[PDB]
Amino acid sequence: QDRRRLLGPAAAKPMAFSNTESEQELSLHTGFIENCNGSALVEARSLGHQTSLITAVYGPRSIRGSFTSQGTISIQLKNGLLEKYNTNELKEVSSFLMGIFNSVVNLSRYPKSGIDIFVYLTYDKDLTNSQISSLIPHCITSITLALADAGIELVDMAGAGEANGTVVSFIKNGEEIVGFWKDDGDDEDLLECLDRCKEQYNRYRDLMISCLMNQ
Amino acid sequence: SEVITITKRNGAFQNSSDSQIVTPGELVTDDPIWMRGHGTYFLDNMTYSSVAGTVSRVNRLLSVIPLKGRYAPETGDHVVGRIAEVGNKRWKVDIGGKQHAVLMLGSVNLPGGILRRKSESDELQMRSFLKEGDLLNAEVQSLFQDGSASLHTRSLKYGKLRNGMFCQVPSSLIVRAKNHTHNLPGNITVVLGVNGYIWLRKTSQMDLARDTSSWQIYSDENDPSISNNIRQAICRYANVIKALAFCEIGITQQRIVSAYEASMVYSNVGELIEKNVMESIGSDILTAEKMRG
Amino acid sequence: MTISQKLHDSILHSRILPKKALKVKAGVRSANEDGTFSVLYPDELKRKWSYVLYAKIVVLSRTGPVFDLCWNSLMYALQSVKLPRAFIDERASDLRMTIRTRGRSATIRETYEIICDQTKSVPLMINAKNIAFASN
Amino acid sequence: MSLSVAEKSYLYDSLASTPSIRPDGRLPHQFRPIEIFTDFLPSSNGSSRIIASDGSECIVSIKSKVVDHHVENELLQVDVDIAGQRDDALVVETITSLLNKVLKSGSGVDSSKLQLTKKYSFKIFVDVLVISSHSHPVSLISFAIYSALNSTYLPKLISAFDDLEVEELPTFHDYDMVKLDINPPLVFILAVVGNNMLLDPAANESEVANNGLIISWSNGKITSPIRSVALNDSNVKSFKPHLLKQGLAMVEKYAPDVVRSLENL
Amino acid sequence: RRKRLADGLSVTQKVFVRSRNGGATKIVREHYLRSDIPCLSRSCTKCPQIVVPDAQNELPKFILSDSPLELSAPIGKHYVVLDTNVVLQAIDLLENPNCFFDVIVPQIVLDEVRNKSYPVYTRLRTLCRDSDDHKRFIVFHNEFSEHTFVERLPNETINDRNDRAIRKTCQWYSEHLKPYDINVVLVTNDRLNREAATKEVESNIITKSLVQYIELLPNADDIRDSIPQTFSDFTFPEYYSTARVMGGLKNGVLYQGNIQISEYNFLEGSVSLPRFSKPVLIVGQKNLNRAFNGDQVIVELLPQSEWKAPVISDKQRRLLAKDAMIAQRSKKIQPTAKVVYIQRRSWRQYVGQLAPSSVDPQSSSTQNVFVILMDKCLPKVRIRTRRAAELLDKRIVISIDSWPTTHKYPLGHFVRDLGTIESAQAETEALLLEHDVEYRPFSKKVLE
Amino acid sequence: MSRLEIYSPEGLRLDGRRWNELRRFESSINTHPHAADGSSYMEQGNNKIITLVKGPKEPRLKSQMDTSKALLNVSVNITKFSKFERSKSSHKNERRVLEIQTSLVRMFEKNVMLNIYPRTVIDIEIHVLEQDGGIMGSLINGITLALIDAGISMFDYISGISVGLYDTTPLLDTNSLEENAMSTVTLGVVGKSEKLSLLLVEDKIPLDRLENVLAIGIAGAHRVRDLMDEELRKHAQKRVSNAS
Amino acid sequence: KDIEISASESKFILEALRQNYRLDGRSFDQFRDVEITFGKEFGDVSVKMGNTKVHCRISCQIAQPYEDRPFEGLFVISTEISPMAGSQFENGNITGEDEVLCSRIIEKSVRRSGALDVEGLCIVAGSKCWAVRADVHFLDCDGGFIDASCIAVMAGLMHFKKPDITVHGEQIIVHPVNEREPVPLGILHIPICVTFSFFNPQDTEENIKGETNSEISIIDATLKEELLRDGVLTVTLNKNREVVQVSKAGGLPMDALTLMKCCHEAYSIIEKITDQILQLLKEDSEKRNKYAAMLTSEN
């Protein structure tokens, strides 16, 4: 097998078991990792579902490659303890992550400089008796707080709101959209899908700015 | 009135002047009197080709010209370079050929001219005047021991491009003449590289000067005054290039003019992409080649 | 790559864990009347089975040597480990199968898949008088 | 590609014209000419071969397999290869993970048509080899697959299909194949420049864009998965939502004409 | 479709699906036709013009004579082309030294045998190479033959193109054999294949059945008892289908091995199973289900209602099969089984003696006789035959033909005419073969 | 025990071929003009290969650079749909494959006039589509197209063919069914000569046949580079007759 | 990590072949002398040919077989180079080419060839079998590794013994080592590989269209010899005169008629060395048993 790790004897197996509008909620914390220059802590708990995750910043790191006019972002999603999302399922989100911050970050302030983003999908409850799609907007919030902690030039507190398998990311207090994500749902529910996302965005950004300006 | 060409063909991987045509591994002759040049290797008599190409016998010189290969750089040629890299006081820049050309630091037109003399602080500003991927007019000076050659801009006429659009072709169809900058009705100008690189732009006064400020030789600016009637006229000359390229046509400046007026059937400029219609206009000119000269 | 080795080494050299603590005493799920299931558990004592445990250490904001905190954080996790109740089927459907040779044949043994309970669990037995702690 | 800045203005100028202008000057809703070949890998359940105008090139293969449809959830698998790249790269894995979502088993896929018995069915393999691309290649790739499913025959059931009591091992005839009846989806690449929305972004058009979309077409309508999508990352701008609302019917009132051009046999 | 090579040579694709382990595995092959296909006979002068050496540098031997058995016109001189079925029915009739000296084997007929039976396929492989001066067998590779190759027609089963190609195979033959007036006789047993030539559909062709060929021999009396072939008190059951037993094997439902039927008790026998320790008895005449002793069969356990003390689902039977091993550890009430399929018959040629009750003295015609076998454990065989008054005080060779549903004792046919009962030479002979002793002299391929 | 018929006593193979016969052999030139200047397609029976060549051109890194000659990269793509049975895992570092990646390099270290292409890169791309056995010599014949397909400097044709041995008898142009049935040898044959580029034997071979066995494949191999030549030439005529 | 040799030194050896000389003192077609010595363990051996030194190790343990061949045991050979044996090498590069050139040979030389009965590793079918292991170590290179590792593995198989087994379903009784004896293994055939080493004294064309065969082939390239060679060829045979493998993977072009003429000379070489192993296996085991005679009479 893998000669680099301790994976036990091969013939063992893990243990098996069988059967015998609501509120979302946060707890947002910064400044707790001394390796980084930007850290952010996120608790989330909603109705069957409790979620905690860590966003980590390293920047500006040097680039051994070549010259660029401006900065470059690198984003990692890694499984924590229990929930195991698929590998190719991860990087699609990482693709969707980078597009929004490329309408956020003053890379032109940062020539030949790198951005390292480590996201640790650390622990999630789903006690409910598109499972990754329910965790998208909280990432952007978790990144933004850590990116404020490294103090990097950011245009807006941009945030995403969720309405039932749909993720829409805003700026300008919702007056423009910067990132769009849709799974199955209804048809032409878009206009209501504007709304419930927007107000959570209207909730969340206020929760964020409270976390920093009051500190 | 369409969106896309969707024509279907299912059940197949594919649809399925005399001179010496020789192969590699093949004997030409063993007359020792012949001289042995390009495309030729040998063992003391046995004249052996190395490519798919033609026997060229020049008066005692036998050599093999291939049919397929990259662009061959030669001196004094007027081509277009895309900026690959920056070196010590050197630059790397694609020809399209085998390798990059090189370009000395003082090989370029300085703003203010020669009154601006040398400075070691200029290598602290290599990226100032030039950076990657950019397009320009270049003059082929001389070579190295291999066959890699270098460039320069010994004129105002050579320099960094603007005011238009690039296209590219195989190097074969571009015909040689004593002139390469050409000016076309529509107030516009083709800059045919030899190597297969083609830049269009709006006719400048310096272009007009050819047939009757200096601090703008590294700008990313254009003329701000660019009409759509300029811009849409660019595209009509643009596709007819690829029409002749798809039709395997040697480029004549007049043929382009002949391509342009034959394209006046179609005002819908987006219809200039059709495999048949490009071939039809391609068929037009070859028939029109059988009248004049 | 050193760390997970180095712990495991002195965990062996701690002599914390007799394999008696890994001995699993499974039950059998009696298919009882009118379609109900109760797992007959034997108590206070044909195949045997053994737990094999795993750990994962995540390290955030490394500021120095880590090994002592690698040690000590495990120790409190060790005391919190419940052993979940494992049981086998009453009579599992997954039984002996035969494989034909080029004239001969053999028998695959019956595949009794152990199942841990959704509910019941017992704690872990520890040589508690050998639970160390670390210091550099 | 690496292009020059003086173009990049003019290219961003001309396409953001209010009488909007493509570099090839098509109408804003046009696509580019292509070629579509199938049915040429006779070891396969179906084959496909598609040719772009810039010479981007792919082939998608169809191999099937009989499976128990109860012990396995995913009845339909996509697996992609791009030439020239590592497995580990980004654009690989996202496009790979995408079409799985696009072909979820009951979202636009009619897995009842895949169903063999009350116990068994057909595992299929969407196996993809891209020779070359110069584009964000995705909407090309769906097109050959659409023809690939329209070029796929399957061997005929002989025996019965109720294996709960009798538990029969299913039997196929050795010559008689039947075409997979299926309604496969389609994917379209979009791009936003200024106040204009082009269709089939070529690589130059793909470079200069502020932002772009991917819209899932199925069953004669718009459906999920739908993703806003970056093409470059030097020119990423945000966007008014009615422009997002604009493009949907802008896709849709030209979508089936492309489909009917390919629904053409 | 098909394509052409520059040697005038054809190439096309034969493609199918491998059904092994229930899988659906599509298998494609290319296929070639050649135009150097030999007709392999004495009289033709043009197929010896095209014969080319092998890798061992040999041009082979064209052995079917100008002189067959000539018969009554419109037969005249003729060759014989066969059915697989007439071979499958009458494989030993072919091995008569007295007759059938010149037979083309078609390639498809060769394949169905190789599809059907492996050691029967040995015998045709044996006979063709061991053809002699007397008897001559060739194999014509007709679907390697360009001029006899056919395709799958639209809306067709594989059986149709089999009969059509064999019909196509014969069609080329007389065309090549018009110049010498040696005909070609197609022998069949299929009544629908004996229907399409009644109108003489395309070819003025010799479509006769076995007996319809047999009734034209000069010496047909000696051989018609080698032609293969109420009688009811109850009805015997049947054997399970293909998907049923292959569906039975993996689940642990079904079992195979060998069975021993007792002589002191003709109606009771046990098997030795790989999963099972003790010999598991099978009790009951219907439960033995018309198989013979020593054969490879496929068995099923019986419910405890039929177990012996000295449902729909297979969910029940497996849990009952566990209870068998409990009852195997009992040895007080032990389980019973019955057969549900026969893995293989251990049939061969068999030698016995007839019953004096079965024969009429005054009769000269065809009649039923039963053969008392030399094997004590195996039952008698109804033999519908003429010359029983001859053969009653004589030893005989039979071969078992079939077991249909009704017949309590099987249908078989007499094969070889041996000699007088308790004559020393004949009792020497069957003492060899029923003890499996080879005795036949060394053949023509041996002495080379 | 095989329930099938390997080689007839009547001299025939599975499709009816003789022991000294080939499959249908089809090449093509300039299959992908928009992709690279080397683009050639092979059908040798159902062995179907797309062959692609890039160069002579600049490296990605100055580390991977020489001031004497070219480099040669081999990238083999075996698809999971290449066979009947679909292979589970990918092959991209499989040690079986890397051997061939070594092999074609040293086979083609010595046709390329390496000195006259220094500081540049040759990359050879392989796409194995449909696999029919005889797989090794299938490749090399596709290579010999692709170098000429751009007209790279070389000495000679190079031919490749697997020839198998059923007990005494050589088999030109085996298939994978026959490959798993007996012992086979592939020969990398150079031009018109009797000198070898590739020689590879996996199966167990009695010694005494081998000289004769080697004496077989040359006539096949000479007919290979035969059929490559004119097929290029009739293409080669199609250029200038309609170019001019 | 690059070996640097002058072109002056390059011509020097190339001249020596042109006057039929080689630097070691052997003939062209002469092989080194082989020192085989066993350690105390079974499947323990040190093998030495002048400068090249190797060491390998055979072991076995209990595992289940695959689904693939559920009948048969498990076996594989490790050949991980350490840069101990020469500073050219990476720390355990399993992805280097020459490594693969060392690998696939020994893969085909042993595993696909099957000198060893893997079915005689079946303890119980599908439940418990053997996992037999072959770790090859290199010590110091003068070339001939792939011939040395050819030998030293096959040396090791004829010296390893496995212990005693008793089966009762799950009750699988591995006995104590010293009460119940270890049991050696079943070798179907003994393969010996041969390196061939090739030198064009000329250009390409006189090899290509120079019809005159003029190419020198030698056995067991030394280190300096090995760095200039033009083709690479290894054949492998037995005592029963069958050819195990041949591998000319490219390099220099090469006449066929040479290769048969080459491979015949392989035969007489390998046979004598083979029997030298065979006596020493006996003679050491004789020395084991004479010291076993020097033990029981002692004890």
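The letters A, B, C, D, E, F and G name the chains in turn, as written, and every chain counts its residues from 1.
The criterion applied here is as follows: contacts are C-beta pairs under 8 Å (C-beta built on N, C-alpha and C of every residue); 3 or more make two chains touch, one makes a residue touch a chain.
A quick map from chain label to UniProt name: A = Exosome complex component MTR3; B = Exosome complex component RRP4; D = Exosome complex component RRP42; F = Exosome complex component SKI6; G = Exosome complex component RRP45.
S.K.: Where are there more C-beta contacts: C-G or E-F?
M.R.: Output for the comparison: E-F.
S.K.: What chain is the most remote from chain E, judged by the mean position of CA atoms in each chain?
M.R.: B
S.K.: Where the centre of all protein Cα atoms falls, which chain's Cα centre is nearest to that point?
M.R.: F
S.K.: Can you give the whole-Å distance between the Cα centres of chain D and chain E?
M.R.: Each chain's C-alpha centroid was found; their separation is 55 Å.
S.K.: Cα centroid separation between chain D and chain G, in whole Å?
M.R.: It comes to 52 Å between the two C-alpha centres.
S.K.: Find the geometric centre of each of chain B and chain G from their Cα atoms only, then give the gap between the two centres in Å, rounded to an integer.
M.R.: Computed from C-alpha means, the inter-chain centre distance equals 58 Å.
S.K.: Using mean C-alpha positions as chain centres, tell me how far chain A is from chain D in Å, no decimals.
M.R.: Centre separation, chain A to chain D: 28 Å.
S.K.: I need the residues of chain B touching at least two other chains; which ones are they?
M.R.: 13-14, 41, 48
S.K.: So which stretches of chain F touch two or more other chains?
M.R.: Residues 46, 48, 84, 155-156, 191.
S.K.: Which parts of chain C, given as residue numbers and ranges, touch two or more other chains?
M.R.: Chain C, residues with two or more chain partners: 106.
S.K.: List the residues on chain D that touch chain B in their complex, please.
M.R.: Listed in rising order, the residues of chain D that touch chain B are 2-7, 9-11, 13-14, 17, 19, 21-27, 29-40, 49, 53, 147, 151, 199-200, 254, 257-258, 261-262, 264-265.
S.K.: Would you pull the chain F residues touching chain B in the complex into a rising list?
M.R.: 28, 31, 37, 41, 43, 48, 56-58, 113, 117-120, 148-157, 191-192, 229, 232-233, 236-237, 239-244
S.K.: Would you pull the chain E residues touching chain D in the complex into a rising list?
M.R.: Residues of chain E touching chain D: 13, 15-17, 19, 22-24, 26, 28, 152, 158, 242-244, 246-247, 250-251, 312-314.
S.K.: Which residues, counting only chain F, touch chain D once they are in their complex?
M.R.: 32-35, 46, 48, 50, 52, 77, 79-81, 83-84, 86, 90, 92, 125, 127, 129-130
S.K.: For a test of understanding, state which residues of chain G touch chain C in their complex under the given definition.
M.R.: Per the stated touch rule, the residues are 70-71, 124-127, 169-170.
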